[PDB]
Number of protein chains: 2
Amino acid sequence: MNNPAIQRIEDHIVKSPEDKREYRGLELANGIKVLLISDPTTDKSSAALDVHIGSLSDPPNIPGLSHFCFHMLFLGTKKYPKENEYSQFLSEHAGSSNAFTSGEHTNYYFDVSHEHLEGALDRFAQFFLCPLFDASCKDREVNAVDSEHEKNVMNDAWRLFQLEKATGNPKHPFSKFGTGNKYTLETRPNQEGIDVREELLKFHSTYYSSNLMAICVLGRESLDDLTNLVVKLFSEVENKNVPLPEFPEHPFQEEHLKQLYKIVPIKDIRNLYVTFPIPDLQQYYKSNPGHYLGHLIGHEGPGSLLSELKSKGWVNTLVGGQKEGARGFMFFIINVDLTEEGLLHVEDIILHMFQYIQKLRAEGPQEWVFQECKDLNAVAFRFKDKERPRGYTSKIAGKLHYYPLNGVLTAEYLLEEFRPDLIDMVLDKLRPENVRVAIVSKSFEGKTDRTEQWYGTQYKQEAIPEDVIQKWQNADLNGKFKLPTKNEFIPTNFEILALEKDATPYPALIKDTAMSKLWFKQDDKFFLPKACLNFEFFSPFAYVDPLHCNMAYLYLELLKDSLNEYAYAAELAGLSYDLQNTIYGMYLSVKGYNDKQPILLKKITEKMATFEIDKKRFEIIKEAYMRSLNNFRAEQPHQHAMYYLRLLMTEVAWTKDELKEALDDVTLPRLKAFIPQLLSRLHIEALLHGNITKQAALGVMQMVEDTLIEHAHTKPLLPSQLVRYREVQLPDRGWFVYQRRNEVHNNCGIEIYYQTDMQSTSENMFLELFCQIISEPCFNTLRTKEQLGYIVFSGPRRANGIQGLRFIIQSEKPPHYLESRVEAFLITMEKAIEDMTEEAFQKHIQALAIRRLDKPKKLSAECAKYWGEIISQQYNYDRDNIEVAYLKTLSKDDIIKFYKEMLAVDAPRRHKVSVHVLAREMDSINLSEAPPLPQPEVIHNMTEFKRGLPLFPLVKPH
Amino acid sequence: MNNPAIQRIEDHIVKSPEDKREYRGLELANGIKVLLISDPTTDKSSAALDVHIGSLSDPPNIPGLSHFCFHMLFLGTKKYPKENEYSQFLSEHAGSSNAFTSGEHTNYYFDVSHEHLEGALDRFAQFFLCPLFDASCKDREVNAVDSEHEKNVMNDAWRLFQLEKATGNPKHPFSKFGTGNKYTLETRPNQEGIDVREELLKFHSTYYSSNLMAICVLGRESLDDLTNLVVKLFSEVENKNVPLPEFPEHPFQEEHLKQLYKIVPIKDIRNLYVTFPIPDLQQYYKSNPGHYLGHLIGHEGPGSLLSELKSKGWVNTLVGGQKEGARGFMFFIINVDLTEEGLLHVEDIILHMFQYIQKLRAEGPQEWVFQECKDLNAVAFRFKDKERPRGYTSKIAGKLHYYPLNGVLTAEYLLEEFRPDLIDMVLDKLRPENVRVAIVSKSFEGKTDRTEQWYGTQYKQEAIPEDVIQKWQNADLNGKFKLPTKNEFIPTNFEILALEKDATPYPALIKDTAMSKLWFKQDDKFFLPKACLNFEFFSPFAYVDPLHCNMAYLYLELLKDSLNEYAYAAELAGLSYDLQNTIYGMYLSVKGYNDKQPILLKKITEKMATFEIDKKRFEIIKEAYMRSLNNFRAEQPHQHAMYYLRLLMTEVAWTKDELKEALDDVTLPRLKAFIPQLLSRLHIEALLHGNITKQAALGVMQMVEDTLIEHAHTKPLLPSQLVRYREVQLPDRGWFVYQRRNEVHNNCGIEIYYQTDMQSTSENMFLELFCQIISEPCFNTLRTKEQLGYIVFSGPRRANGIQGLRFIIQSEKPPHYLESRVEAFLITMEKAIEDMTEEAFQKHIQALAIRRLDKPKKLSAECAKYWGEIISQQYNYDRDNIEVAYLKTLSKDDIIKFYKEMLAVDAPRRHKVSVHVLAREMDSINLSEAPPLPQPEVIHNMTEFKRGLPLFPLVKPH
């Protein structure tokens, strides 16, 4: 009795009781799996379509056709032939989109203003009904794919990824190159024949079948309405009845086992990768054997494996468990980072891994553990934070291929059966004869034979001698490896306290004293048994010079290091904390189930105020920290540009250079002395937010104070004597440039900042609307036409109460060229604005309003927003409504004037600075015309530079 | 054979061999004693006339007629009848003048541009040949005299002065009121008859006689030329053959002896004054018995009297020796400040004084001591720094009454005969039966019977019981009081090192390293065996908050406190040091004979780096420091205005309030810990200047470094990471006012700052020429016509690289009135400038040039100038020539424009701030017309105030 397009309906979708959203499952006649989500309060709607095809179905001759294809798909359709029609519609209706290819999945998704779902879906749908696939872009698009590849070329992580693929069976599709590039996309085709337009079309026509598609749609409309909408748009997708691809033989045969790889990294890291091929455990999701083992093998603290490897001073971090492969196969991995001593004991490290394993075989599957995991995940599922719509549908579309409708939400969180047998089964694969091991370290440089062909990775491939393998099999049992004990942090009070009648819509200041300032809000919307605790400890000794910055950093690193064992239980129990230094002191945050928060907070604070430094932990943390500062050189060029702009524009900021130099003056005695000093006098500013009462907030706040006062003898640092840092003020019509060499990448980085004025409602909305207007053109113009790089960003920059427009580009071209192109873009944008219809303008106003008003979905999102107002000392909690009201009154002329005053080449108040991060070797047409530009004043000393310019005031508190 | 006007010539004037100046003594026929000084290199000339009449010859009915008289004398003459002709001539020719009355002397002096000596002297001379004495000023002048009196009314020092006079014989002129006021000057005359115009004339005509006058004149002209000039101008002064006044009976008879006075102070101090009347020792200057005793009784360190009084924790400072009275009598005094414990032991304190005395009688005069004093003073005289001309002639004119021509220079420095007899003679007066004692302390408040009539001082007068007197006579001998030992610091190497051929005209940077920056110049002009050593130690821990400011202060106070005994010898030996904290760290300066500098510097630095705090010294220094912060409330209203402006305009500055509050958190352990921290990391910037070689400078600099590094383990604070403070930047057209209560004075204070722009050659000379032009009008208008107060100041203000115009007034009127009057003055000045002749303008340019170019006369003057360039990090050593060159190119129009841009009510870039320090009770006509003014923005929080305004850059180094 269902509509002819629908085979089967619903299933009753099993969801969390807390979840007010309404759900319905569907199976279209044409084989499409579908989940509809009705949320009547949602500000943005969203949809995702996932194709169960990826780079694994890439033809042998054209690797990356899959990736290439989704690039081409966005590029206009028969009904909507404009090349950027999709994205421009999304931009102009508060929307955004993205897409991705993995081995077996291609996932396309977007969100949009809830009032225009139908129109966003009609367009998205066309991509699966009639793509133009025209060759005017086929040639450009390749550039974007190429630089995409290029950017990741020097990225270690990606290099290792594609290196585990070539270290495997070449006649297995796993070995194929997923990303693609210009070398195998435009080029190999002409010089070997073959039309990459015809090839695309074939692929798209063999593999783009409805039987292999899943869709998820979220909107305000009712389920019935969404049903019709979906049926109408998607029911006529073409079914090709493609058998689902499968890879059951497994990419790593006995020949690839017992292998060892010495890889040379770009960054100066030391990592060890251990890998056991395993059969596909997908079908077993109701019991999850691979992650019961992952849970014990990647466990931390008391008696765990990592604990031991840490005590030998061999390893700092351990991650272990099951890893995706493709339908038919998986892997079980165990990764660790090596200390200096660790790198000399790889063999002995691994022996310990098999020793813990062996201990598992000895001990055998344990029901109480699985039972514990079961109960945590259940609560975790019930009390899951409400997700952002765009990320939810995308995740759901993917999961639709693996589970029945009624179980698409609960799958992967809820366990059921306990299965000792399945667990033993996987356990049996973890043996020396199944092991692939990979060491990454710069100590191999110059002495590698092989070049992985796509990324260029140096590396050695060798076989692990029999005796070694034999030693590992001779893995007996190390007494130390104990199992985890019952989890004390598992919460049992999920009572949601009633809303105090004195409650308020924004955080209220409930305590203003010389020692502490406490902001507090009781949750009035999410009603989950969760609380966010935020503390900012102020002390001048944290950032007073580079030596104390270093000491502040090491202190917390050392503190966290020794709390870890104890803290892991909490984390598994959905209770986490963060602790880091800042230019003002230290930041302590605790999030999660509120029930046992007070016990964790007590332990952290106690340890803070009574800490005692293990000599040995000290040198390791320091050597790591040391190596980490050096490692900054390896970062992306754009990441460097941003780092230097931040230093440049701040009255006081210590560069990594300065920190490195000062690090060698840090000894154990010095550090021991510095702690009491740091803790000697303090001011604390706090936000406590969530499922807590006023009484409970003050109580939590007292215990922090009292624990410090009694144990470290802390006394009050009056707020009035806390020195805050100002932003540097650029001179009218000035242009400064700071130029630096990057010594790894053959790409250059660039950040251009046009500083405007002190933050305020009007200045804020001028900058933000102007940015909205240019957000998609910047993308469509500088990236999708001019192909200047994979990274092309524009938008607002905020810091120290000041703001301005920034552009960020990573590119093969020289900075001065990017620079000229950006100015060229600025002119076009100005004309574009002069020549834009009023109603297009209003859509831009309306689009920015929607983004701004879009309410946080979860506590930590609402919390972070408020914490932003505290950090910045503006305390403007009602900001969003105010600014949007003001936004709605702007007119084209206002934005034009704004532009002419602040941003034009000829602006009387242009304030421009550029950071140019030069490539390794570098350096020092129909296109629109760039204006002539001034000669930059060149910065050779950030300090001299700042000393010679005035400083901004600080922003007045709201 | 001498000119008929000259009785006797010269004497051959005994002078220092080092002294290139030429001298000649004279005795005019009319009894005038005269010294001429020819200095052909002098930039400014000078003269002084001293009359041997003072407030002691004041008629009984009109006290202060003497003071009054010299006010009236400046007020125009028959030949030069313009009321301010004298001072306006001096202003317009790089000159300045002043005058003063004491008991037996009235001293008038001026300096002037060397090119216009004759014209300045002609006018000065008229005052002693034919004063108009007109009654149009007689009525105004009284105001200035009155506020003069009023200002000192709340000044403790003056109150005690006039209180020792009324505690004496009323029929002795000593008891008369010296200052005068409106109460006894305009008033008592009408209501008791008597013309204060006729009275003046009488006085002036009985006492203003040539026989009682001495003159001293310094100019470029030759001695012969000065002779004629003087004879011509002064030979016809009228001789009245007044017998020289004398007061031989003595103001304090046996009735006033054995007295005790409990005085209530304005400031919260504790002081004890012990006073022995003695006969006049003037005649005995060749042997100076009073100051051989002063030398031993006011000695400090090893075995001295003060040492003991300090160990009992009774007293911090001791000053002892002979004190001026008047021809016929003197006093020998011994003053100390009391700790809290001291005030409870006055009796026991004094007993110790007589015990030391008794020890002197026991021991008897010692030839070696007098011999030591003799030799020090001789070297001191030979190597005396060349004096500023204005202060030299004034001093010499005074000394001309007491010594023969040929000995006027050497008198009071050179000893001759040793006279055990004279010493014993004075020693015999120091006995309990001769003693007057005075205690000053707020602990007496409310319980005094008597009001000294002129100042209003509360106080009790009582007689010292017999037994007390008896106890003091029963002053035996305290073992501890040892004599001073031979003086090891007495220098013996006065060799002037040859001028290295690599020498330079300005300090050169000879050492730029992470630990130290060393500026060095070898003396190329004074050639005295003297050196100035200046060290600025930078550490952020000195001023990081109020607690560390306090600790930095106490540290140095404690350090100096324990070095004193050791240092006194040096000081007597012409070798001194200064040591104080700053917002950047600490300042150590050492000046004097270079020979033993290195031994003193070594001891100071050593002690700095190894200091150990006596518990007991600690509480005393702290209680004193504490009391001292409270005592700021007692300061002059104008002094408060200046203090608050400095806080207001500096990015970071800790108020005395903040320091007081933070002081109670300072304990001994805390302080002990803070020292190593402070010394932990340091940067040093030095100026070494004088009679030292490059090799000797570096050597001196190394020993400071090496002594710190080896003993406190100091390591380098890189200069680049030293945070310097900026000046606050006022907004265009802004007017801010900070208003505060003064709780002691019935006068209000005011400072008005019109901030201009960052310092630079042009901005500097605009402000400085404008100031020159208005310097005398401001005086003549706001003070001498409008009589707004005794304190009326205007001129340049420099701080943190910024500058502006300031006016400072202390007044009976309310701030808003002064404020209006000042603006009224500004308008007049503008018109005055528009309407001033070109050649009058040029004289102003020429007058400022002369002041600026006028070369330093001594090492520490040249040193201080250079140290100014270092402190301020501008290093503009050739400043003076540059700025004057630029000065000479300015025109009226430039100054007008300057004024219209920056200073007018209507200036588009006026930047005005006013500090108003209100009187105790207060508050919150032909006159020129004040313009309407804006409503001030009012400051209630210096901090909020600064946070809301931008900050200036720092000035670029030259």
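Per the deposition metadata, X-ray crystallography was the technique used to determine this entry, at a resolution of 2.1423 Å.

The PDB entry lists chain A under the name Insulin-degrading enzyme, from Rattus norvegicus. Heading Catalytic activity of the UniProt record for chain A holds this comment: "Degradation of insulin, glucagon and other polypeptides. No action on proteins." According to the UniProt record, the Subunit comment for chain A is "Homodimer. Can also form homotetramers."

K.L.:
Provide a residue-level description of the overall build of chain A, including the pertinent values.
P.N.:
For chain A, the helix and strand inventory stands at 30 helices and 27 strands. Taking 2.2 N^0.38 as the reference for a compact globule, 958 residues should give roughly 30 Å; the C-alpha atoms of chain A span a radius of gyration of 29 Å, in line with that estimate. C-alpha extents for chain A along the principal axes are approximately 70 × 70 × 65 Å. Looking at chain A residue by residue over its 958 residues, the buried ones come to 59%. About 37,900 Å² of surface is accessible on chain A, with carbon and sulfur atoms providing 51% of the total. Where the 114 positive side-chain charges of chain A centre and where its 133 negative ones centre are 2 Å apart.

K.L.:
Please give an account of the sheet that holds strand β6 (residues 106-113) of chain A that cites residues and values.
P.N.:
Residues and elements named next belong to chain A. If you trace the seven strands from one edge of the open sheet to the other, you get β1-β2-β3-β7-β4-β6-β5, paired in mixed fashion. Both edges of this open sheet fall to β1 (6-9) and β5 (96-101), since each of them pairs with a single strand only. With strand direction ignored, the average angle separating the axes of adjacent strands in the sheet is 15°. Sitting on the sheet, helix α1 (residues 65-73) touches β5 and β6, and the angle it makes with β5 is about 160°.

K.L.:
Explain the interface of chain A and chain B residue by residue, including any values.
P.N.:
Contacts between the two partners involve 36 residues from chain A, matched on the other side by 36 residues from chain B. Roughly 2,800 Å² is buried in total at the junction of chain A and chain B, and carbon and sulfur atoms are behind 53% of that figure. Ranking the residues of chain A by area buried against chain B places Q721, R726 and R947 of chain A at the top, with a combined share of 20%. If you look at where chain A meets chain B, you find four salt bridges. With a closest N to O distance of 3.8 Å, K715 of chain B and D665 of chain A form a salt bridge. Of all elements in the fold, only α17 (546-572), α22 (668-680) and α30 (942-947) of chain A reach the threshold of two or more residues within the side of chain A that touches chain B. In terms of residue class, the side of chain A that touches chain B is built from 16 nonpolar, eight polar and 12 charged.

K.L.:
Describe helix α18 (residues 597-608) of chain B, with residues and values.
P.N.:
Residue and element names in this part refer to chain B. Taking 1.5 Å per residue as the helical rise, α18 with its 12 residues ought to reach 16 Å, and the 16 Å between its terminal C-alpha atoms agrees with that figure. Those residues of α18 lying buried are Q597, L600, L601, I604, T605 and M608. Down the axis, α18 shows its buried residues gathered within 125° of arc, on one side only. Buried positions along α18 lie against β17 (530-538), α17 (546-572), β18 (575-581), β19 (585-593), α22 (668-680) and α23 (694-712).

K.L.:
So what's going on with the environment of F127 of chain A? Residues and values would help.
P.N.:
All names here are of chain A. Within the fold, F127 resides in the loop between α3 (117-126) and α4 (135-153). Residue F127 is classed as buried on the basis of its relative accessible area, which comes to 5%. Expressed as a C-alpha distance, the spacing of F127 and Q470, which sit 343 residues apart in the sequence, is 56 Å. Contacts of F127, omitting those with residues within four sequence positions, involve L73, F74, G76, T77, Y86 and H204.

K.L.:
Now, about the pairing of strand β26 (residues 911-918) of chain B: what can you tell me, with residues and values included?
P.N.:
All names here are of chain B. Burial analysis of β26 places eight of its eight residues in the buried class, the great majority of the element. Burial along β26 is two-sided: the face carrying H911, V913, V915 and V917 and the face carrying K912, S914, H916 and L918 are both buried. Alignment of strand β22 (residues 734-741) against β26, held across eight bridges, turns out to be parallel. Residue pairing across strands places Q739 opposite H916, the latter belonging to β26. As judged from the six bridges shared by strand β23 (residues 748-758) and β26, these two strands associate in the antiparallel manner. Bridging from a neighbouring strand, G749 pairs with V917 of β26.

K.L.:
Please provide a residue-by-residue account of the domain arrangement of chain A, values included.
P.N.:
One frequent convention defines the size of an interface as the accessible area lost when the parts assemble. All names here are of chain A. Taken as a whole, chain A is organised into domain 1 (1-244), domain 2 (245-474), domain 3 (501-727) and domain 4 (728-958). Put simply, the middle of domain 1 and the middle of domain 2, counted by C-alpha atoms, are 29 Å apart. The interface is formed by 73 residues belonging to domain 1 together with 53 residues belonging to domain 2. Both sides together, the interface formed by domain 1 and domain 2 hides about 5,300 Å², and carbon and sulfur atoms give 63% of it. Joining domain 1 to domain 2, the criterion identifies six salt bridges. Note that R436 is salt-bridged to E164, the shortest N-O span being 4.0 Å.

K.L.:
I'd like a description of the relation of the copies chain A and chain B, backed by residues and values.
P.N.:
Overlaying chain A on chain B yields an RMSD of 0.0 Å, the required transformation being a rotation through 180° with an accompanying axial translation of 0.0 Å. Read as a symmetry element, the transformation amounts to a two-fold axis. Judged by C-alpha distance, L951 of chain A is the residue of chain A that lies nearest the rotation axis, at 2.5 Å. Counting the interface residues of chain A, we find that 100% of their copies in chain B are interface residues as well, pointing to one common contact surface.

K.L.:
Now, about the UniProt feature "short sequence motif: SlyX motif" in chain A: what can you tell me, with residues and values included?
P.N.:
Mapped onto the present numbering, the UniProt feature "short sequence motif: SlyX motif" falls at residues 812-817 of chain A. Taken end to end, residues 812-817 of chain A has its terminal C-alpha atoms 10 Å apart, with 50% of it in helix and 0% in strand.

K.L.:
Quick rundown of the packing of aromatic side chains? Include the residues and the values.
P.N.:
What describes a pair of aromatic rings is the distance from one ring centre to the other and the angle between the planes of the rings. Per the counting criterion, the structure on display carries 106 aromatic pairs over all chains. On the numbers, 5.5 Å between centres and 85° between planes, the contact of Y108 of chain A with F128 of chain A is edge-to-face. Taken together, the positions of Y108 of chain A in strand β6 and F128 of chain A in the loop between α3 and α4 put the pair 20 residues apart, joining distant regions of the chain. For the pair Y108 of chain A and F128 of chain A, a shared accessibility class is recorded, and that class is buried. A centroid spacing of 6.3 Å and a plane angle of 35° characterise the contact between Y261 of chain B and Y459 of chain B, whose relative ring orientation is tilted. Of this pair, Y261 of chain B sits in strand β8 (residues 259-263) while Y459 of chain B sits in strand β14 (residues 458-463), and the two are 198 residues apart along the sequence. Residue classification places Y261 of chain B among the buried residues on the basis of a relative accessible area of 3%.

K.L.:
Help me get a handle on the sheet that holds β22 of chain B, residues and values and all.
P.N.:
All names here are of chain B. Taken in spatial order, the six strands make up an open sheet running β24-β25-β23-β26-β22-β27, and their pairing is mixed. Edge strands, defined here as strands with exactly one partner in the open sheet, are β24 (791-799) and β27 (937-939). Going across the sheet, the axis of each strand differs from the next one's by a mean of 20°, ignoring polarity. Sheet topology note: the β23/strand β25 (residues 802-811) ladder contains nine bridges and is antiparallel. Along β25, the bridge assignment pairs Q755 with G804.

K.L.:
With reference to specific residues and values, describe the pattern of salt bridges.
P.N.:
Applying the stated criterion across every chain yields a total of 126 salt bridges over all chains. One salt bridge in this structure joins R798 of chain B and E768 of chain B, with 2.7 Å as the shortest N-O distance. Here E768 of chain B lies in helix α24 (residues 761-783) and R798 of chain B lies in strand β24, a separation of 30 residues in the sequence. For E768 of chain B, a relative accessible area of 11% corresponds to the buried category. One salt-bridge network, held together by shared partners, links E768, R798, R852, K865, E869, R879, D880 and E883 of chain A.

K.L.:
Break down the environment of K399 of chain B for me, citing the residues and quoting the values.
P.N.:
Residue and element names in this part refer to chain B. Assignment of secondary structure puts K399 in helix α14 (residues 389-399). For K399, a relative accessible area of 7% puts it in the buried group. When the C-alpha positions of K399 and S175 are compared, they lie 25 Å apart, and in sequence the two are 224 residues distant. Separated by 2.7 Å, the side chain of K399 and the backbone oxygen of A411 make a polar contact.

K.L.:
Lay out unusual backbone geometry with the relevant residues and their values.
P.N.:
In this structure, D923 of chain A follows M922 of chain A across a cis peptide bond, with omega equal to -10°. Tracing the backbone through its elements, the reader meets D923 of chain A in the loop between β26 (911-918) and β27 (937-939). Located in the positive-phi region is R733 of chain A, a residue other than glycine, with phi close to 55°. Along the chain, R733 of chain A falls in the loop between β21 (715-716) and β22 (734-741). Not every positive phi belongs to a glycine, and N241 of chain B is a case in point at roughly 50°. Following the sequence through the fold, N241 of chain B ends up in the loop between α8 (223-234) and β8.

K.L.:
Kindly report on a negative patch on the surface, identifying the contributing residues and their values.
P.N.:
All names here are of chain A. A cluster of acidic residues, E347, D348, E466 and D467, forms a negative patch on the protein surface. Every element with two or more residues in the negative patch is listed here: α12 (346-363) and α16 (466-473). Tracing the chain through its elements places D348 in helix α12. Owing to a relative accessible area of 35%, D348 belongs among the partly exposed residues under this scheme.

Definitions and cut-offs
- Residue positions are given from 1 per chain in written sequence order; they need not agree with the entry numbering, and residues without coordinates are hidden.
- Numbering of ligands from 1 and lettering of chains from A proceed in the order in which they are written.
- Based on all heavy atoms of the structure, the side-chain values leave hydrogens and waters out of the count.
- UniProt positions are given in the numbering used here, feature names are shortened, and annotations may be inferred rather than shown by experiment.
- Think of it this way: any DSSP run of H or I at least four residues long counts as a helix, any run of E at least two long counts as a strand, and we number them from the N terminus.
- Just to be clear, the radius of gyration here is over C-alpha atoms, and the globule rule we use is 2.2 Å times residues to the power 0.38.
- Relative accessibility thresholds used throughout: buried, under 20% of the residue-type maximum; exposed, over 50%; partly exposed, between the two (1.4 Å probe, protein chains only).
- The method behind every accessible area is Shrake-Rupley, applied with a 1.4 Å probe, and residues are considered shielded solely by the protein chains displayed.
- Under the counting rule used here, the positive set is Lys and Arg, the negative set is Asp and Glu, and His together with the chain ends is not counted.
- Throughout, a charge is located at the NZ atom of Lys, the CZ atom of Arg, the CG atom of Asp or the CD atom of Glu.
- Pairing between strands requires that DSSP locate at least two bridges from one strand to the other.
- A fitted line through C-alpha atoms serves as each axis, taken over the contacting stretch for helices, and the angle formed by two N-to-C directions is quoted from 0 to 180°.
- The contact criterion used is simple: two residues touch if any of their non-hydrogen atoms lie within 4.5 Å.
- What counts as buried area is the accessible surface, traced by a 1.4 Å probe, that two parts surrender upon association, with contributions from both included.
- By convention in these notes, a salt bridge is any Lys or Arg side-chain nitrogen within 4 Å of a carboxyl oxygen on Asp or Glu.
- All residues other than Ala, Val, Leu, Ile, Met, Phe, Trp, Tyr, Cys, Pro, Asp, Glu, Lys and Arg, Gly among them, are scored as polar; the first ten of these are nonpolar and the last four charged.
- In this scheme, a helix's expected span is set at 1.5 Å multiplied by one less than its residue total.
- Directions from the helix axis toward the C-beta atoms define the arc.
- Source of the domain bounds: an automatic or database domain assignment.
- Copies of the molecule are overlaid using a least-squares fit to their C-alpha atoms.
- Any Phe, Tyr or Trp ring, taking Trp's six-membered ring, that has another such ring centre within 6.5 Å forms a pair; planes under 30 degrees apart are called stacked, those over 60 apart edge-to-face, and the others tilted.
- As used in this structure description, the phrase polar contact means that two N or O atoms lie within 3.5 Å; if the pair is within protein, one of them must be able to donate a hydrogen and the other to accept it, and residues adjacent in sequence are counted only when both atoms belong to side chains.
- What makes a patch is a set of residues exposed beyond 30% relative accessible area and free of salt bridges, joined within 9 Å when like-charged and within 5 Å when nonpolar (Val, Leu, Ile, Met, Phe, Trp, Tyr).

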